[PDB]
Amino acid sequence: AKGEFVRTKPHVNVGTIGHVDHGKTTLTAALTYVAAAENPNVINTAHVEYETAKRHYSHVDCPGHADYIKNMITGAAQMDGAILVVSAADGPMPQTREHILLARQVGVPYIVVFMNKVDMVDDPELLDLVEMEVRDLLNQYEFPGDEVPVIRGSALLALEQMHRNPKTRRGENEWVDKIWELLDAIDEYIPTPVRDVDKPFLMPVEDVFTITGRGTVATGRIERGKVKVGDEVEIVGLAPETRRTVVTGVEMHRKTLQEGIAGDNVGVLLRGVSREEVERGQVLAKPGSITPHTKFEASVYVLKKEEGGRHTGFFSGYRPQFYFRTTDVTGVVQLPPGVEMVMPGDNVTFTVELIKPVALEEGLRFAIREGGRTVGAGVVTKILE
Amino acid sequence: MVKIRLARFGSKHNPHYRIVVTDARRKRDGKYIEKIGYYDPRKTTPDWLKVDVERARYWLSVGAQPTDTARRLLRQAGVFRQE
Amino acid sequence: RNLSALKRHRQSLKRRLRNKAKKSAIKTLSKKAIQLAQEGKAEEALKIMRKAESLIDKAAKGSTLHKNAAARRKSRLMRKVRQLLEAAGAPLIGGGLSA
Amino acid sequence: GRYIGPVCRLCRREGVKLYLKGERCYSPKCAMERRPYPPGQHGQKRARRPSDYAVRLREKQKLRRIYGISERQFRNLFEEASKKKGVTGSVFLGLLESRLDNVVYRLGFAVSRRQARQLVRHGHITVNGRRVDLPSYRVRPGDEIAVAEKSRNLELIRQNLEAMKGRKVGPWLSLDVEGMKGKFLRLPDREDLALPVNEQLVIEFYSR
RNA sequence: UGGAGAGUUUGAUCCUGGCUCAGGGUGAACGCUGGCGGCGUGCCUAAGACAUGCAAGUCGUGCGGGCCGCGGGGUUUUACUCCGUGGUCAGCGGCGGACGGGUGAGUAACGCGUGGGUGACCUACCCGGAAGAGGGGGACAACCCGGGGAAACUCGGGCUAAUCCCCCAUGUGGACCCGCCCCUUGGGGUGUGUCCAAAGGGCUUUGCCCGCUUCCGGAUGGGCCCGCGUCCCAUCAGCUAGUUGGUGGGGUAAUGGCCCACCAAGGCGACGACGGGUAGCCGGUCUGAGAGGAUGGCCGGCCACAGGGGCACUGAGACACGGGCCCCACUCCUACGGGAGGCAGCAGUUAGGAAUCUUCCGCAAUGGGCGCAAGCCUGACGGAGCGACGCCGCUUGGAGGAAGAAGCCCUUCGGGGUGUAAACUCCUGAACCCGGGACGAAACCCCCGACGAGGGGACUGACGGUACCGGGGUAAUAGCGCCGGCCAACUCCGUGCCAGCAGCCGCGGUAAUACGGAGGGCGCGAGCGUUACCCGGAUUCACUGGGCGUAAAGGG
RNA sequence: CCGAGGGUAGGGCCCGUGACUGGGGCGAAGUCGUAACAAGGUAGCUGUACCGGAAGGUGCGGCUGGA
RNA sequence: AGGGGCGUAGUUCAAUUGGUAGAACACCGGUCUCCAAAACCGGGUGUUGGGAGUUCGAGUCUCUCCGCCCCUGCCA
Ligand SMILES: C/C=C\C=C\[C@@H]1O[C@](O)([C@H](CC)C(=O)NC/C=C/C=C(\C)[C@@H](OC)[C@@H](C)[C@@H]2O[C@H](/C=C/C=C/C=C(\C)C(=O)c3c(O)cc[nH]c3=O)[C@H](O)[C@@H]2O)[C@H](O)[C@H](O)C1(C)C
Ligand SMILES: Nc1nc2c(ncn2[C@@H]2O[C@H](COP(=O)(O)OP(=O)(O)O)[C@@H](O)[C@H]2O)c(=O)[nH]1
Ligand SMILES: [Zn+2]
């Protein structure tokens with residue numbers, strides 16, 4: 001009573017973004033019903049999907065809203081492209097800029113804009129004046145805002161005629177079709193980056209589950225390489241020691257996966273491990289590839305105020321939070337002597353010791369945040385300890 | 001009934017059996033009414049099979065059902081060769 | 001969800017009736033016998049008692065009684081009756097109890 | 001495992017010179033021949049009258065160090081030595097002599113015990129036909145120990161088998177220097193083993 | 001064939017006496033560290049709760065059908081689908097699911113151990129012996145059809161077969177009542193009366209193979225009973241009405257107050273009754289000079305239990321681990337009237353806990369159930385996996401190499417030490433590479449000979465392309481403890497009753513073999529320490545093997 | 001008829017806990033005395049009784065483990 | 001994962017009017033001593049949990065982060 005999962009169509013995962021109560025989460029709860037009428041036969045991020053007749057997709061609908069950044073982020077990096085939902089009411093608002101800003105600090109490429117809440121008083125020069133503001137906004141942020149497939153429509157209205165009949169096709173209802181313009185919008189534009197399978201392996205942990213009868217399962221997106229059933233793996237990150245285990249199971253969206261390739265969002269049942277031994281941040285790789293390290297001499301470029309960063313500067317002994325793969329830590333900082341003058345916009349290198357061991361490998365990227373804003377990004381260099 | 005089988009002794013990858021007359025309902029290596037021989041299926045010793053007779057035949061002359069391999073070995077030791 | 005075994009419960013119920021009846025028969029017939037042997041009806045006494053005895057040993061045929069269970073039920077009859085008649089009656093029908 | 005470390009260091013310490021190196025530990029320099037005293041920063045100072053305990057330890061260690069056996073096997077062999085009928089002193093010594101690698105060294109072949117071990121660990125040695133690689137193999141009566149055929153032309157087996165012309169093997173072991181054989185005629189005796197070890201003490205060490 | 005003692009009461013002594021250490025052991029756990037293999041071995045706690053899958057079935061040569069693929073048209077067509085072969089879904093009958101596998105909750109008791117008793121008993125299949133297997137009759141499934149229901153399924157009408165059921169006969173024999181004889185608790189013989197048997201199935205066909213019926217005997221496995229033995233509290237001392245005995249019944253395979261009427265007034269207890277606590281018992285295991293003490297995990301024997309509890313039905317055997325009925329608590333489904341469920345089987349989850357594993361592969365072997373057989377089923381079992389949890393084997397190299405590098409450490413500044421240790425030179429080749437590559441498996445079965453004895457033939461390997469063998473082949477891991485005495489092993493610095501150590505004695509208040517670091521040393525080594533618990537040492541509960549004037553100890 | 005379980009009621013045994021209270025042990029350098037140890041400055045000890053901040057005092061009898 | 005809390009000397013508790021932060025009892029430093037205890041003199045000894053932020057100054061007011069407590073989440 002489980003069912004296998006067979007590969008055919010390429011795999012790509014994406015997520016929604018916008019200002020709190022707007023369009024996402026419900027747009028999601030619709031784009032799904034569409035790709036479900038013909039196939040397949042039949043406060044916390046919600047990993048789902050849909051299979052258009054053209055490609056396989058894994059949708060990450062981070063609850064959004066403020067306070068939910070630490071969670072917001074860990075999901076943004078997991079995607080190749082995002083669906084910027086915007087409403088016809090208040091239009092582009094605070095947390096609509098905020099989510100977009102983050103998207104451009106996570107490397108998230110391409111953005112698909114879908115205007116929702118259009119079913120509210122059709123203002124002539126509005127659904128045409130809204131797109132204006134938007135595009136301008138995506139530009140105040142350097143995004144390619146000027147080639148984004150902007151489609152409109154009251155997503156949900158495409159659902160009333162779905163939540164009463166799970167057999168609605170295309171064409172009918174200028175809404176439940178209206179949502180195929182956003183599909184042929186992601187089908188196009190937003191590429192399909194190459195996921196390398198010639199590398200060791202690595203799966204940053206996002207969430208952890210205790211599946212009854214089977215044990216702990218680690219969900220995550222693949223960094224590289226591949227992992228099938230019966231492969232030895234190591235859990236690098238947090239914990240006092242790096243424990244080794246054998247992958248006893250792999251699945252793609254609650255469906256048996258026969259072999260995981262990079263880019264895939266897969267759950268991993270590790271042989272003999274407690275829900276208390278695994279946790280976000282830490283990664284799962286091949287015994288031998290990469291290890292744990294508390295100190296490093298990474299190259300960093302402290303953002304400029306005029307772009308979010310600090311507008312003052314820190315003195316050696318500043319404790320910020322660094323974001324690796326899927327989590328965030330903390331760490332004291334030591335300057336390379338005399339350099340006790342690292343202020344805004346500057347670009348240098350120094351020492352940092354996280355008070356929690358985490359997988360570091362020299363060549364890995366990260367960000368730095370303190371006081372509610374990305375104060376700086378960078379990459380790591382050879383480890384000290 | 002009261003069979004005539006083999007109980008596995010020796011150790012892992014080293015068989016060595018004991019030709020025994022146990023009540024069929026016991027466990028293979030459980031207790032047993034009597035012993036009448038042994039059998040080292042790997043030969044490794046010039047005497048990998050040795051069995052009593054006057055007693056083998058006794059149980060045979062009283063309703064003791066030998067087994068496929070058991071009966072084989074019995075035979076091979078001239079148990080049924082009536083002359 | 002299930003297996004053979006059931007085939008055994010059904011038979012169970014059947015055989016249950018099969019001798020449940022044969023049983024309560026020997027019973028009502030054993031009663032009637034004495035219920036007369038103490039009356040004086042020596043004649044029509046050793047008559048049913050002769051039937052009883054049948055039904056007893058007959059039940060023994062199958063999984064209903066067997067051995068002494070049937071043998072015993074017999075004595076406590078040819079003893080219960082014989083010792084009920086010699087209380088002023090004399091064994092008429094030499095059909096059943098031994099002269 | 002079988003120690004592995006400075007040895008002409010025990011040559012010293014135990015105070016009774018030893019040759020666990022063979023060639024050199026036989027020259028005008030067994031280490032002893034230049035520091036007949038214990039190692040360490042001290043090594044050469046007033047020695048307290050050794051505790052009745054210390055004495056036995058020293059006697060055991062002496063004996064055991066002579067072979068290279070680990071404490072585990074040693075004691076082990078000693079316990080076995082106990083049950084067996086007869087005097088433990090004699091018996092236990094005998095059993096110490098049967099050790100293949102030991103016979104290997106007690107019979108030319110290897111210059112040192114530590115080298116008689118590597119020979120058996122590598123196969124070069126053989127017994128009654130089939131070769132044995134266990135140093136702990138326990139040699140019995142009438143078993144000759146021949147070298148192998150792939151070794152016979154080895155730069156080592158030469159010289160070491162060469163020092164065999166003239167020299168005579170123990171009174172309980174013969175030898176075909178040409179066709180590398182040599183049997184184990186019978187278990188060695190207390191006397192034959194001219195060993196600087198007071199067995200009865202070593203025994204007493206295992207009482208308490 | 002077997003016995004070792006030390007530290008510590010004092011200024012000192014002798015004695016008494018306690019505490020502590022050195023030795024073994026463990027289903028272990030914790031710390032540091034960790035290479036290989038073999039054989040072992042792994043929920044000791046919550047008998048807590050559990051998702052999945054799998055742990056018991058098989059026979060068509062017992063019997064009648066459904067259904068699909070096909071000899072080939074029955075009639076001359078697709079209508080009697082008759083017939084024929086192997087299949088196939090359930091049904092009916094049968095044998096087995098009462099063994100094997102789990103667990104130790106309960107139990108201080110004939111539960112167990114040991115020795116016996118049964119004239120007081122049972123025992124399926126297996127053996128040897130005796131005699132039979134003849135007339136007859138009938139039902140309910142399955143299936144057709146109608147019906148209520150969400151489901152699981154249930155009800156009604158009607159065919160129908162048997163190795164299903166029933167009636168008569170035959171009586172070798174057997175059971176029962178009464179008489180008699182032997183005998184002695186109900187055993188064995190006998191006579192009159194009564195009562196009781198049974199199935200046909202497959203071929204190769206007046207004969208065989210498989211079954212059937214009754215009796216006798218053998219086996220094996222059991223029931224019941226009895227003597228002796230089996231933990232702590234006496235601050236538990238008296239307990240007892242089905243209680244103790246009787247008579248006649250019920251009951252049972254069978255003894256018995258087992259259960260019941262009626263009668264008698266008993267029965268048990270310091271030789272420890274009753275009560276409380278704890279606990280499954282044993283072979284054995286650990287320790288011990290022994291006598292003993294401790295223990296009862298893995299294996300084997302017995303017992304008991306199957307979520308908690310009661311009860312029967314079937315049956316040779318169960319009051320039945322994966323059968324049934326009911327109450328209860330908790331799990332889930334529900335179309336809200338009723339439904340399904342029990343991992344102390346195997347592998348796995350979770351909780352608890354200092355802590356205890358793989359949702360693995362194979363019926364190849366051994367064993368098992370059913371089968372004429374082929375063969376099917378079998379997490380019993382055979383194996384592989386994981387953890388140094390234990391034991392055993394093995395490796396991290398061997399041989400050369402200075403009145404002796406460096407660095408570190410001491411130093412009476414000359415030197416001493418780590419040290420043949422290194423580097424360095426020859427040197428064998430753990431791993432790993434290529435090729436070869438098992439034993440475990442010879443029977444059932446087939447042919448010859450009669451299917452008997454004996455002789456020949458064929459299939460069959462989960463572990464595994466593993467072990468093992470040949471050829472190739474690089475120097476390739478070291479740690480943990482301890483160094484005042486007991487107890488093997490000493491120097492510098494730092495510290496200054498601080499920080500800390502500590503099994504006992506005790507170390508630390510500015511020169512500390514006792515703290516912490518260093519150098520060096522000692523022990524052992526893939527291990528080494530720690531904690532817990534048992535024996536020893538403890539003749540310290542003294543039978544072996546002690547004591548009481550003043551040390552504890554003579555009762556006023 | 002018996003009967004699991006469920007009730008109502010009263011006993012017994014064990015454990016947990018309670019304001020407050022009794023004494024006990026232990027705890028580098030607190031307070032008051034001075035009982036005992038040398039006729040320990042009134043020989044001590046003791047059973048008992050009365051009394052007293054406290055050790056203790058006294059009475060009656062006893063012991064020598066007091067001259 | 002997301003709320004709401006508490007963190008001040010050595011420990012128990014104040015300044016919550018935006019002002020280098022104090023009381024008590026400890027402890028420490030001399031003196032006396034071998035060293036302490038007493039006794040006499042003399043000392044705030046504090047990462048105000050971390051780090052940043054507004055600012056003339058933040059213990060008090062912003063944000064972020066660490067540990068602990070509480071409520072509520074989580075079957076690939
Ligand atoms: C940020 C959290 C986690 C990051 C994780 C890691 O980041 C990365 O290390 C990444 C590597 C480059 C990284 O270091 N990111 C770290 C950093 C990266 C920064 C990059 C790119 C920039 O360039 C300077 C880029 C955004 C840039 O800014 C501009 C935006 C300015 C906005 C001003 C704010 C405005 C108006 C505003 O209303 C506003 C607001 O937004 C927030 C709050 N209140 C406000 O009122 C413009 O949009 C440009 O595009 C990798 O991606 C890793 O793989 C990762 C994903 C794991
Ligand atoms: N009128 C209108 N209502 C919408 C639209 N999209 C969502 N809704 C409504 O907005 C509310 C839900 O917001 P939600 O989908 O949770 O947006 P999120 O907060 O971004 O996840 C509900 O009332 C939806 O029916 C739309 O495009 N037009
Ligand atoms: Zn030497």
# chains A, B, ... in the order shown; residues from 1 in each chain; ligands from 1

$ residues_around --residues "segment 75-78 of chain B" --least-positions-apart "6" --cutoff "9 Å" --atoms "only C-alpha atoms (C1' of nucleotides)" --output "PyMOL selection string"
chain B and resi 49-53

$ residues_near_ligand --ligand "ligand 1" --cutoff "8 Å" --atoms "only C-alpha atoms (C1' of nucleotides) and all ligand atoms" --output "CSV table (one decimal) with N, CA and C atoms, in the first residue's frame"
chain,number,residue,atom,x,y,z
A,70,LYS,N,14.4,32.7,9.6
A,70,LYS,CA,15.3,31.6,9.8
A,70,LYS,C,14.8,30.4,9.0
A,73,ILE,N,14.4,31.3,4.9
A,73,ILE,CA,15.7,31.2,4.2
A,73,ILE,C,16.1,29.7,3.9
A,74,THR,N,16.1,28.9,4.9
A,74,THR,CA,16.5,27.5,4.7
A,74,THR,C,15.8,26.8,3.5
A,76,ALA,N,14.5,28.8,0.8
A,76,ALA,CA,14.8,29.6,-0.4
A,76,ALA,C,16.0,29.0,-1.2
A,77,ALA,N,17.0,28.6,-0.4
A,77,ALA,CA,18.2,28.1,-1.1
A,77,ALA,C,17.9,26.7,-1.7
A,94,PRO,N,5.7,45.9,2.3
A,94,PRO,CA,6.9,45.6,3.1
A,94,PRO,C,7.5,44.2,2.9
A,97,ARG,N,8.9,43.1,-0.4
A,97,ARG,CA,10.3,43.5,-0.8
A,97,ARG,C,11.3,42.6,0.0
A,98,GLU,N,11.0,42.5,1.3
A,98,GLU,CA,11.8,41.6,2.2
A,98,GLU,C,12.1,40.2,1.6
A,99,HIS,N,11.0,39.5,1.2
A,99,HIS,CA,11.2,38.2,0.7
A,99,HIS,C,12.0,38.2,-0.6
A,100,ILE,N,11.7,39.2,-1.4
A,100,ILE,CA,12.5,39.4,-2.7
A,100,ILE,C,13.9,39.7,-2.4
A,101,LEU,N,14.2,40.6,-1.4
A,101,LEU,CA,15.6,40.9,-1.1
A,101,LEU,C,16.3,39.6,-0.7
A,102,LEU,N,15.7,38.8,0.2
A,102,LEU,CA,16.3,37.6,0.6
A,102,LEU,C,16.6,36.7,-0.7
A,103,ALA,N,15.6,36.5,-1.5
A,103,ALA,CA,15.7,35.7,-2.7
A,103,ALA,C,17.0,36.1,-3.5
A,104,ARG,N,17.4,37.4,-3.4
A,104,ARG,CA,18.6,37.8,-4.2
A,104,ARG,C,19.8,37.7,-3.3
A,105,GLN,N,19.7,37.1,-2.1
A,105,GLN,CA,20.9,36.9,-1.2
A,105,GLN,C,21.0,35.4,-1.0
A,106,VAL,N,20.3,34.6,-1.7
A,106,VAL,CA,20.3,33.2,-1.6
A,106,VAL,C,20.7,32.6,-3.0
A,107,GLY,N,20.9,33.5,-3.9
A,107,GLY,CA,21.3,33.1,-5.2
A,107,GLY,C,20.1,32.7,-6.1
A,108,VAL,N,19.0,32.6,-5.5
A,108,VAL,CA,17.7,32.3,-6.2
A,108,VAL,C,17.7,33.0,-7.5
A,138,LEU,N,11.5,45.0,-8.6
A,138,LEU,CA,12.5,43.9,-8.9
A,138,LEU,C,13.8,44.4,-9.4
A,139,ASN,N,13.7,45.7,-9.9
A,139,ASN,CA,14.9,46.3,-10.5
A,139,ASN,C,15.7,47.1,-9.4
A,140,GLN,N,14.9,47.7,-8.4
A,140,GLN,CA,15.6,48.5,-7.4
A,140,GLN,C,16.5,47.5,-6.6
A,141,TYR,N,16.2,46.2,-7.0
A,141,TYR,CA,16.9,45.1,-6.4
A,141,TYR,C,17.8,44.3,-7.4
A,142,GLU,N,18.0,44.8,-8.6
A,142,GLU,CA,18.9,44.2,-9.6
A,142,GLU,C,18.3,43.0,-10.3
A,143,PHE,N,17.2,42.4,-9.8
A,143,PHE,CA,16.6,41.3,-10.4
A,143,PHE,C,16.2,41.6,-11.9
A,303,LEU,N,28.4,43.8,3.5
A,303,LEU,CA,27.5,44.6,2.8
A,303,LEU,C,27.6,46.1,3.2
A,304,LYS,N,27.0,46.9,2.3
A,304,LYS,CA,27.0,48.4,2.6
A,304,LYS,C,25.6,48.7,3.1
A,306,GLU,N,23.5,51.4,2.6
A,306,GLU,CA,22.7,51.8,1.4
A,306,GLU,C,22.1,50.5,0.7
A,307,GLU,N,22.4,49.4,1.2
A,307,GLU,CA,21.9,48.0,0.8
A,307,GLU,C,21.7,47.0,1.9
A,308,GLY,N,21.2,47.5,3.0
A,308,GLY,CA,20.9,46.7,4.2
A,308,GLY,C,21.9,46.5,5.3
A,323,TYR,N,25.2,31.5,8.4
A,323,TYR,CA,24.3,30.6,7.8
A,323,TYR,C,25.0,29.6,6.9
A,324,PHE,N,25.0,28.3,7.2
A,324,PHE,CA,25.6,27.3,6.4
A,324,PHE,C,24.6,26.3,5.9
A,325,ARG,N,24.7,25.9,4.7
A,325,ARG,CA,23.8,25.0,4.0
A,325,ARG,C,22.3,25.2,4.4
A,326,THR,N,21.9,24.6,5.5
A,326,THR,CA,20.5,24.7,5.9
A,326,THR,C,20.3,25.3,7.3
A,364,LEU,N,33.2,26.6,0.5
A,364,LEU,CA,31.8,26.7,0.9
A,364,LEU,C,31.4,28.1,1.2
A,365,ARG,N,30.2,28.5,0.8
A,365,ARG,CA,29.7,29.9,1.0
A,365,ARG,C,28.8,30.0,2.3
A,366,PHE,N,28.6,31.2,2.7
A,366,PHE,CA,27.8,31.5,3.9
A,366,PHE,C,27.4,33.0,4.0
A,367,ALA,N,26.5,33.3,4.9
A,367,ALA,CA,26.1,34.7,5.1
A,367,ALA,C,26.3,35.0,6.6
A,368,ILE,N,26.2,36.3,6.9
A,368,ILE,CA,26.3,36.8,8.3
A,368,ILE,C,25.2,37.7,8.6
A,369,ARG,N,24.5,37.5,9.7
A,369,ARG,CA,23.4,38.4,10.1
A,369,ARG,C,23.4,38.7,11.6
A,372,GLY,N,18.8,41.6,12.7
A,372,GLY,CA,17.7,41.5,11.7
A,372,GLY,C,18.1,41.9,10.3
A,373,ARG,N,19.3,41.8,9.9
A,373,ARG,CA,19.8,42.1,8.5
A,373,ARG,C,21.1,41.4,8.1
A,374,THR,N,21.2,41.0,6.9
A,374,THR,CA,22.4,40.4,6.4
A,374,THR,C,23.5,41.4,6.4
A,375,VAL,N,24.4,41.2,7.4
A,375,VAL,CA,25.6,42.1,7.5
A,375,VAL,C,26.7,41.8,6.5
A,376,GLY,N,26.7,40.6,6.0
A,376,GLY,CA,27.8,40.2,5.1
A,376,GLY,C,27.8,38.8,4.7
A,377,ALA,N,28.4,38.5,3.5
A,377,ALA,CA,28.5,37.2,2.9
A,377,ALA,C,29.9,36.8,2.7
A,378,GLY,N,30.2,35.6,2.2
A,378,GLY,CA,31.6,35.2,1.9
A,378,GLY,C,31.7,33.7,1.6
A,379,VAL,N,33.0,33.2,1.7
A,379,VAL,CA,33.3,31.9,1.4
A,379,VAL,C,34.4,31.5,2.4

$ atom_distance --atom1 "atom CA of residue 195 of chain D" --atom2 "atom CA of residue 63 of chain D"
8.4 Å

$ residues_near_ligand --ligand "ligand 3" --cutoff "9 Å" --atoms "only C-alpha atoms (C1' of nucleotides) and all ligand atoms" --output "list in words"
residues 7, 8, 9, 10, 11, 12, 17, 18, 19, 20, 21, 22, 24, 25, 26, 27, 29, 30, 31, 32 and 33 of chain D

$ write_last_selection --atoms "N, CA, C and O atoms" --output "compact mmCIF listing (two decimals), in the first residue's frame"
# COMPACT_ATOMS: atom_id res chain seq x y z
N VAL D 7 64.61 -2.95 22.54
CA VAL D 7 64.78 -4.22 23.27
C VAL D 7 66.09 -4.35 24.02
O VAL D 7 66.10 -4.82 25.16
N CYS D 8 67.20 -3.98 23.40
CA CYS D 8 68.47 -4.02 24.11
C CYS D 8 68.29 -2.82 25.01
O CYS D 8 68.99 -1.81 24.84
N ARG D 9 67.29 -2.92 25.88
CA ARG D 9 66.87 -1.91 26.85
C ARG D 9 66.35 -2.76 27.98
O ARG D 9 66.22 -2.33 29.13
N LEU D 10 66.02 -3.99 27.61
CA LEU D 10 65.56 -4.99 28.56
C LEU D 10 66.80 -5.84 28.73
O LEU D 10 66.93 -6.58 29.71
N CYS D 11 67.69 -5.76 27.73
CA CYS D 11 68.96 -6.45 27.82
C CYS D 11 69.35 -5.92 29.19
O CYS D 11 69.59 -6.69 30.12
N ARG D 12 69.33 -4.58 29.31
CA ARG D 12 69.62 -3.87 30.56
C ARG D 12 68.44 -4.13 31.52
O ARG D 12 67.88 -5.22 31.51
N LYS D 17 72.14 -9.45 30.91
CA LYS D 17 72.30 -9.31 29.46
C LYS D 17 71.44 -10.27 28.63
O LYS D 17 71.25 -11.45 28.98
N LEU D 18 70.92 -9.75 27.53
CA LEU D 18 70.13 -10.57 26.63
C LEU D 18 70.46 -10.21 25.20
O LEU D 18 71.02 -9.15 24.91
N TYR D 19 70.14 -11.14 24.32
CA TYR D 19 70.38 -10.95 22.92
C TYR D 19 69.03 -11.24 22.30
O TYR D 19 68.64 -12.39 22.10
N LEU D 20 68.27 -10.18 22.06
CA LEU D 20 66.96 -10.30 21.45
C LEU D 20 67.13 -9.76 20.04
O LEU D 20 66.17 -9.71 19.26
N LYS D 21 68.36 -9.38 19.73
CA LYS D 21 68.73 -8.84 18.43
C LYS D 21 69.62 -9.81 17.65
O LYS D 21 69.82 -9.65 16.45
N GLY D 22 70.15 -10.82 18.34
CA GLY D 22 71.00 -11.78 17.66
C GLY D 22 72.42 -11.31 17.35
O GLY D 22 73.27 -11.28 18.24
N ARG D 24 74.27 -8.25 16.69
CA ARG D 24 74.80 -7.18 17.56
C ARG D 24 74.76 -7.48 19.06
O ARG D 24 75.75 -7.33 19.77
N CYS D 25 73.60 -7.87 19.54
CA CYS D 25 73.38 -8.21 20.94
C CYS D 25 74.28 -9.41 21.23
O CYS D 25 73.95 -10.21 22.11
N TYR D 26 75.38 -9.54 20.48
CA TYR D 26 76.33 -10.66 20.60
C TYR D 26 77.77 -10.11 20.48
O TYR D 26 78.75 -10.78 20.83
N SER D 27 77.85 -8.87 19.98
CA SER D 27 79.10 -8.14 19.74
C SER D 27 79.64 -7.49 21.01
O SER D 27 79.17 -7.76 22.10
N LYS D 29 79.01 -5.05 22.28
CA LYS D 29 78.00 -4.01 22.46
C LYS D 29 76.56 -4.54 22.45
O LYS D 29 75.83 -4.27 21.50
N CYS D 30 76.13 -5.27 23.49
CA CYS D 30 74.76 -5.80 23.57
C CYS D 30 73.95 -4.74 24.29
O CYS D 30 72.81 -4.98 24.73
N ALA D 31 74.56 -3.56 24.38
CA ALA D 31 73.95 -2.42 25.06
C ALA D 31 74.43 -2.54 26.49
O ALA D 31 74.93 -1.58 27.09
N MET D 32 74.32 -3.75 27.03
CA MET D 32 74.74 -4.03 28.38
C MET D 32 76.20 -3.67 28.49
O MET D 32 76.63 -2.97 29.41
N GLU D 33 76.96 -4.16 27.53
CA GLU D 33 78.39 -3.93 27.44
C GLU D 33 78.68 -2.44 27.24
O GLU D 33 79.31 -2.05 26.26

$ residues_near_ligand --ligand "ligand 2" --cutoff "9 Å" --atoms "only C-alpha atoms (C1' of nucleotides) and all ligand atoms" --output "MDAnalysis selection string"
chainID A and resid 16:29 61:65 85:88 115:120 152:157

$ closest_atom_pairs --of "chain G" --to "segment 267-279 of chain A" --cutoff "12 Å" --atoms "only C-alpha atoms (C1' of nucleotides)" --output "Markdown table"
| residue | atom | partner | partner_atom | distance |
| --- | --- | --- | --- | --- |
| G:1 | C1' | A:279 | CA | 11.1 |
| G:74 | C1' | A:275 | CA | 11.1 |
| G:75 | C1' | A:267 | CA | 11.6 |
| G:76 | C1' | A:267 | CA | 4.2 |

$ select_by_dssp --residues "chain B" --states "strand (DSSP E or B)" --output "PyMOL selection string"
chain B and resi 4-8+11+14+17-20+35-39+49-51+66

$ closest_atom_pairs --of "chain G" --to "chain A" --cutoff "10 Å" --atoms "only C-alpha atoms (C1' of nucleotides)" --output "Markdown table"
| residue | atom | partner | partner_atom | distance |
| --- | --- | --- | --- | --- |
| G:1 | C1' | A:44 | CA | 7.3 |
| G:2 | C1' | A:43 | CA | 7.1 |
| G:50 | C1' | A:319 | CA | 7.6 |
| G:51 | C1' | A:319 | CA | 5.4 |
| G:52 | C1' | A:371 | CA | 6.9 |
| G:53 | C1' | A:371 | CA | 7.8 |
| G:62 | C1' | A:371 | CA | 9.3 |
| G:63 | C1' | A:371 | CA | 4.8 |
| G:64 | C1' | A:371 | CA | 4.3 |
| G:65 | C1' | A:330 | CA | 7.1 |
| G:66 | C1' | A:330 | CA | 9.2 |
| G:73 | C1' | A:43 | CA | 9.1 |
| G:74 | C1' | A:209 | CA | 7.3 |
| G:75 | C1' | A:211 | CA | 4.5 |
| G:76 | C1' | A:267 | CA | 4.2 |

$ residues_around --residues "segment 18-32 of chain C" --least-positions-apart "5" --cutoff "6 Å" --atoms "only C-alpha atoms (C1' of nucleotides)" --output "PyMOL selection string"
chain C and resi 52+55+64

$ interface_residues --of "chain E" --to "chain D" --cutoff "12 Å" --atoms "only C-alpha atoms (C1' of nucleotides)" --output "PyMOL selection string"
chain E and resi 1+3-6+22-24+35+391-404+409-411+416-422+426-430+469+477-479+486-492+519-527+537
